[PDB]
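Worksheet: the structure to be examined is printed underneath.
The numbers here are math on the coordinates, done by the rules we state, and not lab data. Positions of Cβ are generated from backbone atoms using ideal geometry, with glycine treated the same way; all protein chains shown enter the neighbour counts.
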Amino acid sequence: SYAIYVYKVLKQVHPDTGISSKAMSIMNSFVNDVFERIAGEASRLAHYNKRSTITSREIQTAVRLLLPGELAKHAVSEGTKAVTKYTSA
Amino acid sequence: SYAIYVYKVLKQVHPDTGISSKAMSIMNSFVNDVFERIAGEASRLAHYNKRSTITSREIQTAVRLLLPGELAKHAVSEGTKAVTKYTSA
Amino acid sequence: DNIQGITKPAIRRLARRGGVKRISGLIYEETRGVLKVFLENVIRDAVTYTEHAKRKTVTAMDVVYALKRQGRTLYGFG
Amino acid sequence: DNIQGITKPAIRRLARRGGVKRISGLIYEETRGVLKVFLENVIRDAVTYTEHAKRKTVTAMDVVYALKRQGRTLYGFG
Amino acid sequence: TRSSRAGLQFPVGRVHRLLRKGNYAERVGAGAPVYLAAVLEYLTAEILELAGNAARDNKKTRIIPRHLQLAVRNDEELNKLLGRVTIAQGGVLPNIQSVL
Amino acid sequence: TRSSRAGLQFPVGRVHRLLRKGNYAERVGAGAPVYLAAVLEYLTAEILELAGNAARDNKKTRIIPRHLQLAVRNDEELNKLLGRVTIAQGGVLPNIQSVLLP
Amino acid sequence: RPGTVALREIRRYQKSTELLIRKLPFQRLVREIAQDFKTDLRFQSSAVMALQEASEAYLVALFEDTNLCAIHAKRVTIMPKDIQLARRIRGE
Amino acid sequence: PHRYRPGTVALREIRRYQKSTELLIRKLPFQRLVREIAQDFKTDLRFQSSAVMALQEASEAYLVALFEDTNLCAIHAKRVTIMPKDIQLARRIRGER
DNA sequence: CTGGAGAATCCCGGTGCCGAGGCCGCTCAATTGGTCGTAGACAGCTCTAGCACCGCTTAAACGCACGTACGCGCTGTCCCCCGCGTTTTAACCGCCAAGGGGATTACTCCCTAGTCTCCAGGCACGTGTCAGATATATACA
DNA sequence: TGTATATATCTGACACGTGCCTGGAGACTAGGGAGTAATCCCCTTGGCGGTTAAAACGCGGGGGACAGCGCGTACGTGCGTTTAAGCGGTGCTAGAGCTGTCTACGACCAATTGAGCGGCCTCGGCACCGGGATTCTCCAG
């Protein structure tokens, strides 16, 4: 179940808006969906250069494979800078 | 590669027939392609029953999912035949 | 013959949902045909799942796996 | 100007295997458009695989991986 | 959290737990679920922005998968993302052809 | 090899060893990939048998990928299994419709 | 007039999200064709309605590709040959 | 005045290049087009030429998918003529547009 | 129109090239003699879930008039892809150096799984109240 | 006939709130996954340099998709009617989860070994080719 983080970020973004349980299961199945998209593509991607360790460069490359253009630049932006802030700790 | 194995079974079926190396790479590549097809279907279906182990029922299930018809059942006859012959020895 | 339980007015309302004005009688039984082909597909591979699973109650996650295999992703049930 | 290097009567011969009697002149350029989209997708993701491999020399295994992932798998090249 | 190491909200150890038991490699670098949960938190952020703004702007208070339907079908990037994907309890967008 | 032990040609140790070395499951059952490669010699016998027959259909001894192309595309189960996947230098199934004929 | 109220019905069923077909003969049709493999499986009723969901979603998608065919064939009267083109491009 | 009919000769040559197994376009402008479009994205690209040959192969095979698929589309529209609505239609039915 | 001059294409017979086919060491990749904690099916039965009988009702569905609104056939279009032939340009064949890049020598580095704990983040598991469901009452096209 | 607008109470759903527990990290370790320094050779780059087949270009030709008209239908709307789906209420009924259970099964080490790997002749299958037989056919009746 993914009600925790979707609902809390939902409380961080839209305070005055409700939600059904149906769409919450849509969020759960959605994150499962694209999650397995990325895990599958990266899982193929590591062998392609004879690597067996799932690190972030494979993931960001896979993001460069998947998302078209603008939101890829935004995902590389906020995610890569999010990794940079993770390295600041 | 698997060119020599297709070569041997080729001479089992058609001894009086040559083969080009390009077509040899066509069908060798095809063999490897279907090899990851059953490997992926066996992976997801292995995840479905949540087993650590894939047996001939799961593989047989994967073929009977993917392969359309009676010729697949004759492949069950050939595979169950050779494996079942190979079993007790 | 519960294929007639798929009623002709329901096919009309789905055809209007597609925006169809003049609906031939040819369309209804063709809908039964191609639709029922999809049905035989779904009951076929779904019963391959459940009979592979050796279980007697067909659950929702089975056809989640089935429509999942068909390139047909559905949300709201997982 | 090698999008024009794929010549117009060559596209007409692609209608000869294509089986076309009457060829509109706009079909050539829109065909170069879809061609450009398809190609730039392929070399785009292919050079993404190339930059992950820390390379400067593009191999065929790139478009093996991409055309696998693009659902138009090709054989005879490893 | 390791999200509190990162300044984020998605669970690094739980998504990383799905990496560890998702059965893809024997040894896995821990740097991958940071960028993974980061990107999913970003994509989650704009898709929930389209969710709350889409359902909220239509004189509605609770997000219903109907508004997921015209929320995704009003989007082109989500069209790129959810092309082979069907939304349950969504219906269709109000899309009528000019010939209709 | 275990293939001729099982009455096969396709390599058991290479393929089953790939079944450990492919990142799919924890434990790799013994009877599964021999059953699998048995289906491979089945389908190999299918497409290779059609390839020898079609290569004889133009009275040739050596198989070109053309006969693979109209080998798959003239079979119902092969073309249904291979409607999306393209082979190299295979060519096109000849198909005249009514738009060419008077 | 034959159709403006029907166009409002188009806006209603394109506005509504629930199903429209009688659910028990639908269920007995699922069990009916399902007896080809084993008779009287146990089902979730909502699972059967979810087969109706994705099934009729494919149907409405076929009404949209058939719809674009009718736009393309300059007509409002859908035909089985329109379904021949639509299924043909879908490969059916 | 060694002439033929206006129209049957195209149909026979259609029968040939449908009936036969070969490509139609050049090699070097395709290869310099690989270099040409490819310079736009990363500098100093070195190219296996057989990869370029394979990409021309899969290119024209995808073109067979194009003109045969939209061929059947124009056949449905009571036409031997390809129109842009054939292309944009059929690729929309593919889900590409 | 049927019925032929001339191309289309198959065919009948060279040749000679190296592509597949076969030939020769030699492993290195597959195979196994042996251990080693164990992963998965059935034993037993639930309780919940799911099918089934009892019994009343209604927009849905089926049956029916009618008057339509649309599918398409006949003729007309001109322009436009194709037919004939032409002319060039860069494609194509064959050629030279080169340094880049992939491979190859280990090198050499820190990292990424294994273990116990921990202990609060998080997950089972209930109420309420208010947006909305559904009226409750009100004015207009 | 469809629409919009304050009024009213009822529902249950999702937010809130309580009780239990679990899930991922902290430190530490170990040897090895994977970059790295060197670095070499051969091969792909980027040209030369002769060849010629490609494709473009012009000049019309008669007929393609559409269009105008028009015939001639097949069905959507309305309407009567009842009705099986709906509903709902309960009764009957078994099916997957839970606990165990009990041992097999793929790792694990190393030893073996011989099949294919790398590589090298090589025979004739075939790839144009000169030239002929035959069918198809564009333009004549």
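Candidates are the residues of region G:39-51 that are in a loop (DSSP other than H, G, I, E, B) and within 7 Å of chain C (Cβ to nearest Cβ); the one that is surrounded by the fewest Cβ atoms within 10 Å (Cβ to Cβ) is G:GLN44.
Matching residues to (1) of a type in the set (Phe, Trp, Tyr); (2) in contact with a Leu (Cβ under 7 Å, 6 or more places away or on another chain); (3) in contact (Cβ under 8 Å) with a residue 40 or more places away in the chain:
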position	(1), (2), (3)
A:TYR7	yes, no, no
A:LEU10	no, yes, no
A:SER25	no, no, no
A:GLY40	no, no, no
A:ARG57	no, no, no
A:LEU71	no, no, no
A:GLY79	no, no, no
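For region H:58-82, a residue qualifies if it is over 21 Å from G:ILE78 (Cβ atoms) and within 10 Å of DNA strand J (Cβ to nearest atom), and the qualifying residues are H:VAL80, H:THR81, H:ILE82. The residue pairs whose first member lies in region E:1-24 and is free of Cβ contacts under 8 Å to residues at least 24 places away in the same chain, whose second member is within 6 Å of DNA strand J (Cβ to nearest atom) and hydrophobic (A, V, I, L, M, F, W, C), and whose beta carbons are closer than 9 Å, counting only pairs six or more residues apart or on different chains, are E:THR1/E:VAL12; E:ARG5/E:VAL12.
For region B:1-29, taking the residues that are within 8 Å of DNA strand I (Cβ to nearest atom) and of a type in the set (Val, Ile, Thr), the one that is surrounded by the fewest Cβ atoms within 10 Å (Cβ to Cβ) is identified as B:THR17.
Sort out which residues of region B:40-59 are surrounded by fewer than 20 Cβ atoms within 10 Å (Cβ to Cβ) and either within 7 Å of chain F (Cβ to nearest Cβ) or over 15 Å from the mean Cα position of the chain (by Cα) (or both), and write them in order of number. B:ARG44, B:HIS47, B:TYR48, B:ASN49, B:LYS50, B:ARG51, B:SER52, B:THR53, B:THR55 - these are the residues of region B:40-59 that are surrounded by fewer than 20 Cβ atoms within 10 Å (Cβ to Cβ) and either within 7 Å of chain F (Cβ to nearest Cβ) or over 15 Å from the mean Cα position of the chain (by Cα) (or both). Tell me yes or no: at least one residue of region H:85-92 is farther than 25 Å from F:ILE96 by Cβ and touching a strand residue (DSSP E or B) at 6+ places or on another chain (Cβ under 6 Å). No, the conditions are met nowhere in region H:85-92.
Considering only region H:10-26, I want to know if a residue exists there that is more than 26 Å from F:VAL92 (Cβ to Cβ) and not acidic (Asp, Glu). Scanning region H:10-26, I find no residue that is more than 26 Å from F:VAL92 (Cβ to Cβ) and not acidic (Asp, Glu), so the answer is no. You will find that of E:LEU50, E:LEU40, E:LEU70, the residue that is touching a residue at least 24 places away in the same chain (Cβ under 8 Å), in a helix (DSSP H, G or I), closer than 30 Å to A:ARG44 by Cα and away from DNA strand J (no atom under 14 Å from the Cβ) is E:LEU40 and no other. Looking across region C:36-76 at every residue that is within 13 Å of DNA strand I (Cβ to nearest atom) and in contact with a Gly (Cβ under 9 Å, 6 or more places away or on another chain), the one that is farthest from the other protein chains (Cβ to nearest Cβ) is identified as C:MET61. Note on region H:67-83: residues that are aliphatic (A, V, I, L, M), crowded, with 21+ Cβ neighbours inside 10 Å and more than 12 Å from DNA strand I (Cβ to nearest atom) amount to 1. Taken over region E:21-37, the residue count meeting the criterion of being surrounded by fewer than 16 Cβ atoms within 10 Å (Cβ to Cβ) and either assigned to a helix (DSSP H, G or I) or of a type outside the set (A, V, I, L, M, F, W, C) (or both) is 3. Among the helices (runs of 4 or more DSSP H) confined to chain A, the ones with at least 2 residues that are away from DNA strand J (no atom under 14 Å from the Cβ) and farther than 25 Å from D:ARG55 by Cα are located at A:21-48, A:70-87. The set of residues from region E:15-37 being closer than 25 Å to E:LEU82 by Cα, more than 17 Å from the chain's Cα centre (by Cα) and within 9 Å of DNA strand J (Cβ to nearest atom) comprises E:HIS16, E:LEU18.
Evaluate region C:25-34: report whether one residue or more is more than 8 Å from chain G (Cβ to nearest Cβ), within 16 Å of the chain's Cα centre (by Cα) and touching a residue at least 24 places away in the same chain (Cβ under 8 Å). The answer is yes; a qualifying residue exists. Checked against (1) more than 7 Å from every other protein chain (Cβ to nearest Cβ); (2) buried (at least 16 other Cβ atoms within 10 Å of the Cβ); (3) out of contact with any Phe, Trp or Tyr (no Cβ under 9 Å at 6 or more places or on another chain), H:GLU22 meets all criteria but (2). Annotation: of all residues in region B:30-55 being away from DNA strand I (no atom under 12 Å from the Cβ) and basic (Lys, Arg), the one that is nearest to E:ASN23 (Cα to Cα) is B:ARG44.
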